[PDB]
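Student: For reference, the file run35.pdb (PDB, C-alpha atoms) is included below:
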```
MODEL        1
ATOM      1  CA  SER X  50     120.035  68.930  89.205  1.00  0.00           C
ATOM      2  CA  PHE X  51     122.396  66.005  89.087  1.00  0.00           C
ATOM      3  CA  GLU X  52     124.637  64.279  91.641  1.00  0.00           C
ATOM      4  CA  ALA X  53     124.791  60.483  91.705  1.00  0.00           C
ATOM      5  CA  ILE X  54     124.714  57.853  94.494  1.00  0.00           C
ATOM      6  CA  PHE X  55     128.108  56.591  95.632  1.00  0.00           C
ATOM      7  CA  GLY X  56     129.520  53.193  96.628  1.00  0.00           C
ATOM      8  CA  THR X  57     132.966  52.278  97.962  1.00  0.00           C
ATOM      9  CA  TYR X  58     135.208  49.750  96.230  1.00  0.00           C
ATOM     10  CA  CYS X  59     137.855  48.017  98.311  1.00  0.00           C
ATOM     11  CA  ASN X  60     141.427  47.447  97.188  1.00  0.00           C
ATOM     12  CA  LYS X  61     143.126  46.199 100.377  1.00  0.00           C
ATOM     13  CA  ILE X  62     144.158  42.558 100.180  1.00  0.00           C
ATOM     14  CA  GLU X  63     147.377  40.741 101.046  1.00  0.00           C
ATOM     15  CA  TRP X  64     149.815  40.322  98.169  1.00  0.00           C
ATOM     16  CA  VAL X  65     151.197  36.901  98.894  1.00  0.00           C
ATOM     17  CA  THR X  66     153.595  35.285  96.436  1.00  0.00           C
ATOM     18  CA  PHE X  67     155.088  31.810  96.058  1.00  0.00           C
ATOM     19  CA  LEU X  68     158.601  33.105  96.723  1.00  0.00           C
ATOM     20  CA  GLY X  69     157.468  35.022  99.812  1.00  0.00           C
ATOM     21  CA  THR X  70     155.861  31.938 101.223  1.00  0.00           C
ATOM     22  CA  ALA X  71     157.911  29.225 102.882  1.00  0.00           C
ATOM     23  CA  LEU X  72     156.997  26.629 100.259  1.00  0.00           C
ATOM     24  CA  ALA X  73     159.584  28.082  97.909  1.00  0.00           C
ATOM     25  CA  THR X  74     162.085  26.560 100.321  1.00  0.00           C
ATOM     26  CA  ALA X  75     160.326  23.269  99.665  1.00  0.00           C
ATOM     27  CA  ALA X  76     160.844  23.647  95.914  1.00  0.00           C
ATOM     28  CA  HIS X  77     162.765  25.922  93.570  1.00  0.00           C
ATOM     29  CA  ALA X  78     160.260  27.344  91.096  1.00  0.00           C
ATOM     30  CA  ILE X  79     161.658  27.025  87.586  1.00  0.00           C
ATOM     31  CA  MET X  80     159.934  29.214  85.020  1.00  0.00           C
ATOM     32  CA  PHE X  81     159.787  27.027  81.938  1.00  0.00           C
ATOM     33  CA  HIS X  82     158.203  28.678  78.910  1.00  0.00           C
ATOM     34  CA  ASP X  83     156.640  26.083  76.573  1.00  0.00           C
ATOM     35  CA  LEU X  84     154.958  23.976  79.246  1.00  0.00           C
ATOM     36  CA  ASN X  85     151.701  24.211  77.311  1.00  0.00           C
ATOM     37  CA  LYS X  86     153.708  22.759  74.425  1.00  0.00           C
ATOM     38  CA  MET X  87     155.402  20.021  76.439  1.00  0.00           C
ATOM     39  CA  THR X  88     154.136  16.460  76.579  1.00  0.00           C
ATOM     40  CA  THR X  89     156.322  14.979  79.312  1.00  0.00           C
ATOM     41  CA  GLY X  90     159.335  15.758  81.437  1.00  0.00           C
ATOM     42  CA  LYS X  91     161.520  13.048  82.910  1.00  0.00           C
ATOM     43  CA  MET X  92     164.605  12.787  85.071  1.00  0.00           C
ATOM     44  CA  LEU X  93     167.127  10.019  84.460  1.00  0.00           C
ATOM     45  CA  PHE X  94     169.029   8.676  87.467  1.00  0.00           C
ATOM     46  CA  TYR X  95     172.180   6.723  86.680  1.00  0.00           C
ATOM     47  CA  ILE X  96     173.024   4.989  89.953  1.00  0.00           C
ATOM     48  CA  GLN X  97     175.794   2.658  90.946  1.00  0.00           C
TER      49      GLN X  97
ATOM     50  CA  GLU Y  30     136.631  73.544  91.566  1.00  0.00           C
ATOM     51  CA  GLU Y  31     133.523  71.666  92.686  1.00  0.00           C
ATOM     52  CA  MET Y  32     133.967  69.275  89.758  1.00  0.00           C
ATOM     53  CA  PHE Y  33     137.656  68.650  90.467  1.00  0.00           C
ATOM     54  CA  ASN Y  34     136.729  68.070  94.116  1.00  0.00           C
ATOM     55  CA  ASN Y  35     134.197  65.480  92.931  1.00  0.00           C
ATOM     56  CA  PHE Y  36     137.137  63.788  91.226  1.00  0.00           C
ATOM     57  CA  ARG Y  37     139.533  64.325  94.135  1.00  0.00           C
ATOM     58  CA  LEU Y  38     137.589  63.624  97.332  1.00  0.00           C
ATOM     59  CA  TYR Y  39     134.485  61.865  95.993  1.00  0.00           C
ATOM     60  CA  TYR Y  40     136.687  59.342  94.201  1.00  0.00           C
ATOM     61  CA  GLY Y  41     139.126  59.167  97.099  1.00  0.00           C
ATOM     62  CA  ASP Y  42     142.295  61.165  97.680  1.00  0.00           C
ATOM     63  CA  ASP Y  43     144.135  57.855  97.907  1.00  0.00           C
ATOM     64  CA  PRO Y  44     143.380  55.437  95.045  1.00  0.00           C
ATOM     65  CA  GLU Y  45     144.527  52.783  97.501  1.00  0.00           C
ATOM     66  CA  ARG Y  46     142.863  51.656 100.791  1.00  0.00           C
ATOM     67  CA  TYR Y  47     139.473  52.205  99.022  1.00  0.00           C
ATOM     68  CA  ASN Y  48     138.007  53.689  95.830  1.00  0.00           C
ATOM     69  CA  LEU Y  49     134.911  55.870  96.032  1.00  0.00           C
ATOM     70  CA  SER Y  50     132.736  55.616  92.928  1.00  0.00           C
ATOM     71  CA  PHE Y  51     129.091  55.935  91.963  1.00  0.00           C
ATOM     72  CA  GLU Y  52     126.762  53.421  90.366  1.00  0.00           C
ATOM     73  CA  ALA Y  53     123.341  55.044  89.939  1.00  0.00           C
ATOM     74  CA  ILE Y  54     122.944  58.483  88.392  1.00  0.00           C
ATOM     75  CA  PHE Y  55     120.580  60.927  90.045  1.00  0.00           C
ATOM     76  CA  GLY Y  56     118.828  63.755  88.222  1.00  0.00           C
ATOM     77  CA  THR Y  57     116.034  65.571  90.051  1.00  0.00           C
ATOM     78  CA  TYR Y  58     114.457  69.008  89.996  1.00  0.00           C
ATOM     79  CA  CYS Y  59     113.671  71.777  92.498  1.00  0.00           C
ATOM     80  CA  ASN Y  60     111.665  74.551  90.846  1.00  0.00           C
ATOM     81  CA  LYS Y  61     111.766  78.147  92.052  1.00  0.00           C
ATOM     82  CA  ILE Y  62     108.447  79.756  92.978  1.00  0.00           C
ATOM     83  CA  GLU Y  63     107.536  82.664  90.702  1.00  0.00           C
ATOM     84  CA  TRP Y  64     107.837  85.990  92.501  1.00  0.00           C
ATOM     85  CA  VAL Y  65     104.533  87.836  92.096  1.00  0.00           C
ATOM     86  CA  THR Y  66     104.308  91.514  92.984  1.00  0.00           C
ATOM     87  CA  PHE Y  67     100.970  92.897  94.166  1.00  0.00           C
ATOM     88  CA  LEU Y  68     101.891  96.378  92.987  1.00  0.00           C
ATOM     89  CA  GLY Y  69     103.052  94.983  89.635  1.00  0.00           C
ATOM     90  CA  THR Y  70      99.905  92.942  89.005  1.00  0.00           C
ATOM     91  CA  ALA Y  71      96.926  93.958  86.892  1.00  0.00           C
ATOM     92  CA  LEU Y  72      95.215  93.992  90.296  1.00  0.00           C
ATOM     93  CA  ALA Y  73      97.331  97.053  91.147  1.00  0.00           C
ATOM     94  CA  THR Y  74      95.388  99.313  88.789  1.00  0.00           C
ATOM     95  CA  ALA Y  75      92.384  98.827  91.053  1.00  0.00           C
ATOM     96  CA  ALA Y  76      94.428 100.029  94.007  1.00  0.00           C
ATOM     97  CA  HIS Y  77      96.250 103.076  95.312  1.00  0.00           C
ATOM     98  CA  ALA Y  78      99.111 101.821  97.458  1.00  0.00           C
ATOM     99  CA  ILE Y  79     100.314 103.931 100.402  1.00  0.00           C
ATOM    100  CA  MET Y  80     102.716 102.422 102.950  1.00  0.00           C
ATOM    101  CA  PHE Y  81     103.422 103.581 106.508  1.00  0.00           C
ATOM    102  CA  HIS Y  82     106.240 103.098 108.962  1.00  0.00           C
ATOM    103  CA  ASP Y  83     103.956 102.679 111.984  1.00  0.00           C
ATOM    104  CA  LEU Y  84     100.193 102.985 112.439  1.00  0.00           C
ATOM    105  CA  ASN Y  85      99.981 103.625 116.186  1.00  0.00           C
ATOM    106  CA  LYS Y  86      99.171 107.339 116.443  1.00  0.00           C
ATOM    107  CA  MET Y  87      96.806 107.810 113.481  1.00  0.00           C
ATOM    108  CA  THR Y  88      94.628 104.813 114.326  1.00  0.00           C
ATOM    109  CA  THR Y  89      91.033 106.025 113.899  1.00  0.00           C
ATOM    110  CA  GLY Y  90      89.735 104.947 110.503  1.00  0.00           C
ATOM    111  CA  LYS Y  91      88.026 108.223 109.674  1.00  0.00           C
ATOM    112  CA  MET Y  92      89.064 109.451 106.252  1.00  0.00           C
ATOM    113  CA  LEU Y  93      87.522 112.670 105.036  1.00  0.00           C
ATOM    114  CA  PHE Y  94      87.111 113.579 101.394  1.00  0.00           C
ATOM    115  CA  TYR Y  95      86.882 117.275 100.589  1.00  0.00           C
ATOM    116  CA  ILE Y  96      84.956 116.911  97.335  1.00  0.00           C
ATOM    117  CA  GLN Y  97      84.521 119.808  94.935  1.00  0.00           C
TER     118      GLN Y  97
ENDMDL
END
```
Turn this file's structure into structure tokens for me.

Tutor:
Amino acid sequence: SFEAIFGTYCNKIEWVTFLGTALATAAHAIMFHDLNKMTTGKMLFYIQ
Amino acid sequence: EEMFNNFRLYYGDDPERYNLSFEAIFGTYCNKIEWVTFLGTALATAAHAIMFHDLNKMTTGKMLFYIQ
């Protein structure tokens, strides 16, 4: 005769995302694609 | 049906809000006691079985034998 012993997994969490938070109004989240390949990224500001 | 209900209810009818599962298997054993008949034993050829309905009227344990 054979019937095993059970245990309950849970799968209820909160599915928060960057764009559903209010920090995506602090920065616009640019998906680059070779950021592992990149050395540096600079902005140039020409200012009079 | 019992097996599909093990998959349906004993996993969880909703795969969300929980997931029922098992970890440890469980195999045990519950033997059935061997039916032994008195009247089907080798003991029964020592006996002459006679069964009554009730024993109230013919109570006195005299038994005559008219022996030729």

Student: Set out as a Markdown table a contact list for stretch 32-96 of chain Y and stretch 55-64 of chain X with a cut-off of 7 Å, giving each residue of stretch 32-96 of chain Y that qualifies its closest atom pair and distance in Å to one decimal, counting all atoms listed in the file, ordered by chain and rising residue number.

Tutor:
```
| residue | atom | partner | partner_atom | distance |
| --- | --- | --- | --- | --- |
| Y:45 | CA | X:60 | CA | 6.2 |
| Y:46 | CA | X:61 | CA | 5.5 |
| Y:47 | CA | X:59 | CA | 4.5 |
| Y:48 | CA | X:58 | CA | 4.8 |
| Y:49 | CA | X:57 | CA | 4.5 |
| Y:50 | CA | X:55 | CA | 5.4 |
| Y:51 | CA | X:55 | CA | 3.9 |
| Y:52 | CA | X:55 | CA | 6.3 |
```

Student: Separation of atom CA of residue X:90 and atom CA of residue X:76, in Å?

Tutor: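 The value is 16.6 Å.
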
Student: Quick one: distance from atom CA of residue X:54 to atom CA of residue Y:54 in Å, one decimal?

Tutor: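 These two atoms are separated by 6.4 Å.
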
Student: Excluding same-chain residues fewer than 6 positions from residue X:79, what lies within 12 Å of it counting all atoms listed in the file, as a ChimeraX atom specification?

Tutor: /X:67-68,73

Student: When the PyMOL selection byres ((chain Y and resi 35) around 12) is applied to the structure above, which residues does it catch, written out as a list in words?

Tutor: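 Taken on the displayed file, the PyMOL selection byres ((chain Y and resi 35) around 12) yields the residues residues 52, 53 and 55 of chain X; 30, 31, 32, 33, 34, 36, 37, 38, 39, 40, 41, 42, 49, 50 and 51 of chain Y.
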
Student: Quick one: distance from atom CA of residue X:80 to atom CA of residue X:93 in Å, one decimal?

Tutor: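 Interatomic distance, atom CA of residue X:80 to atom CA of residue X:93: 20.5 Å.
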
Student: Enclose stretch 63-73 of chain X, meaning all of its atoms listed in the file, in a box aligned along x, y and z, pad it by 6 Å on each side, and list the centre and edge lengths in Å to one decimal, as AutoDock Vina command-line options.

Tutor:
```
--center_x 153.5 --center_y 33.7 --center_z 99.5 --size_x 24.2 --size_y 26.1 --size_z 18.8
```

Student: Using the incomplete input, complete stretch 67-91 of chain X to the level of N, CA and C atoms; output as an mmCIF file, in the coordinates of the input.

Tutor:
```
data_model
loop_
_atom_site.group_PDB
_atom_site.id
_atom_site.type_symbol
_atom_site.label_atom_id
_atom_site.label_comp_id
_atom_site.auth_asym_id
_atom_site.auth_seq_id
_atom_site.Cartn_x
_atom_site.Cartn_y
_atom_site.Cartn_z
ATOM 1 N N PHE X 67 154.473 33.120 95.843
ATOM 2 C CA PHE X 67 155.088 31.810 96.058
ATOM 3 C C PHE X 67 156.459 31.944 96.701
ATOM 4 N N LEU X 68 157.237 32.920 96.254
ATOM 5 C CA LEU X 68 158.601 33.105 96.723
ATOM 6 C C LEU X 68 158.668 33.846 98.047
ATOM 7 N N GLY X 69 157.549 34.392 98.511
ATOM 8 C CA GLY X 69 157.468 35.022 99.812
ATOM 9 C C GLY X 69 156.863 34.074 100.822
ATOM 10 N N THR X 70 156.230 33.018 100.329
ATOM 11 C CA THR X 70 155.861 31.938 101.223
ATOM 12 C C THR X 70 157.079 31.089 101.564
ATOM 13 N N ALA X 71 156.880 30.170 102.497
ATOM 14 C CA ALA X 71 157.911 29.225 102.882
ATOM 15 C C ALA X 71 157.763 27.886 102.176
ATOM 16 N N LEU X 72 157.012 27.829 101.085
ATOM 17 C CA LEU X 72 156.997 26.629 100.259
ATOM 18 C C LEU X 72 158.004 26.723 99.125
ATOM 19 N N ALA X 73 158.484 27.930 98.841
ATOM 20 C CA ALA X 73 159.584 28.082 97.909
ATOM 21 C C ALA X 73 160.900 27.585 98.483
ATOM 22 N N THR X 74 160.981 27.345 99.793
ATOM 23 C CA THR X 74 162.085 26.560 100.321
ATOM 24 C C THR X 74 161.784 25.072 100.314
ATOM 25 N N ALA X 75 160.570 24.675 99.946
ATOM 26 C CA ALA X 75 160.326 23.269 99.665
ATOM 27 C C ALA X 75 160.605 22.925 98.213
ATOM 28 N N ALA X 76 160.472 23.892 97.303
ATOM 29 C CA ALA X 76 160.844 23.647 95.914
ATOM 30 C C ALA X 76 161.340 24.917 95.248
ATOM 31 N N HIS X 77 162.326 24.782 94.363
ATOM 32 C CA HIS X 77 162.765 25.922 93.570
ATOM 33 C C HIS X 77 161.911 25.993 92.308
ATOM 34 N N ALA X 78 161.343 27.169 92.060
ATOM 35 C CA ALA X 78 160.260 27.344 91.096
ATOM 36 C C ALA X 78 160.860 27.751 89.760
ATOM 37 N N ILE X 79 161.031 26.780 88.875
ATOM 38 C CA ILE X 79 161.658 27.025 87.586
ATOM 39 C C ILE X 79 160.595 27.517 86.617
ATOM 40 N N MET X 80 160.746 28.743 86.135
ATOM 41 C CA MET X 80 159.934 29.214 85.020
ATOM 42 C C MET X 80 160.465 28.549 83.758
ATOM 43 N N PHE X 81 159.738 27.533 83.296
ATOM 44 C CA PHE X 81 159.787 27.027 81.938
ATOM 45 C C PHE X 81 158.964 27.978 81.064
ATOM 46 N N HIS X 82 158.944 27.756 79.760
ATOM 47 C CA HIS X 82 158.203 28.678 78.910
ATOM 48 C C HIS X 82 157.303 28.033 77.873
ATOM 49 N N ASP X 83 157.533 26.785 77.486
ATOM 50 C CA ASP X 83 156.640 26.083 76.573
ATOM 51 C C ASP X 83 155.980 24.889 77.256
ATOM 52 N N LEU X 84 155.542 25.082 78.500
ATOM 53 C CA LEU X 84 154.958 23.976 79.246
ATOM 54 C C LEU X 84 153.587 23.609 78.699
ATOM 55 N N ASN X 85 152.887 24.565 78.082
ATOM 56 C CA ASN X 85 151.701 24.211 77.311
ATOM 57 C C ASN X 85 152.062 23.350 76.109
ATOM 58 N N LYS X 86 153.260 23.545 75.559
ATOM 59 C CA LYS X 86 153.708 22.759 74.425
ATOM 60 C C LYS X 86 154.291 21.417 74.829
ATOM 61 N N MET X 87 154.685 21.235 76.085
ATOM 62 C CA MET X 87 155.402 20.021 76.439
ATOM 63 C C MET X 87 154.442 18.863 76.658
ATOM 64 N N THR X 88 154.869 17.675 76.235
ATOM 65 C CA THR X 88 154.136 16.460 76.579
ATOM 66 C C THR X 88 154.572 15.955 77.947
ATOM 67 N N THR X 89 155.840 15.569 78.071
ATOM 68 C CA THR X 89 156.322 14.979 79.312
ATOM 69 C C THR X 89 157.698 15.525 79.655
ATOM 70 N N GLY X 90 158.030 15.402 80.935
ATOM 71 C CA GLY X 90 159.335 15.758 81.437
ATOM 72 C C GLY X 90 159.848 14.710 82.391
ATOM 73 N N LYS X 91 161.009 14.141 82.099
ATOM 74 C CA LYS X 91 161.520 13.048 82.910
ATOM 75 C C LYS X 91 162.929 13.344 83.398
#
```
